[PDB]
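In the form deposited in one PDB entry, a lone chain appears below as structure tokens.
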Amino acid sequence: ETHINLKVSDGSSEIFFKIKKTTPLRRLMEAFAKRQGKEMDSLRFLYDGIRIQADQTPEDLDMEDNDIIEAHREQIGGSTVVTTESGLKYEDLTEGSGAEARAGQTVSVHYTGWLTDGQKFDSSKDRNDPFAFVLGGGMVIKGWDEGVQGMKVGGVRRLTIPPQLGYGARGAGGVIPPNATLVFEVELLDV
């Protein structure tokens, strides 16, 4: 009766908040922002398609248990998902600036990879260590050699990789199953 549970989805993962219906959503927004290393005014929180104001409360918005808040931490408002001739899907979430990565260059990125059920299988951020590779050199799965081309520093791009451009029927490490579609969020840090 007094409290409410809310899902916040940022496009890649979901986390839950229990909050009193009389607490301003500022506390939820600040709690979510702190996880991303950002201040809440630099994130866009939407409920039923409408931007949430910090001094609004869940009662003010007539929210109900297990409602969803959409959180956008990246820079582009209204992105588009591109499907290429290979079946690779990619979505630019932040454009970045400067030179564009091209084949033969060594690029350094941060990434997180998830299965489509939401299970994370690896993240360079969990080691606080960027990952580098020679773009186009066949040293990573094919979906990455294709999908990281054209990125600029600061750019954040979400890749959805069909298994034939990933680990295929083999899978990987007892963690990625056979024929898994792979989702990566990639931030280009240096080229």
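Throughout, we count residues from 1 along the sequence that is shown.
The following text describes the form deposited in another entry, which does not appear among the structures shown.
Domain assignment between the shown form and the other one: residue 26 and residue 86 are placed in opposite rigid parts, by better superposition fit of each C-alpha. Closer approach of the C-alpha atoms of residue 113 and residue 37, by 3 angstroms or more, is seen in the other form than in the present form. By 3 Å or more, the C-alpha separation between residue 74 and residue 109 grows in the other form relative to the form shown here.
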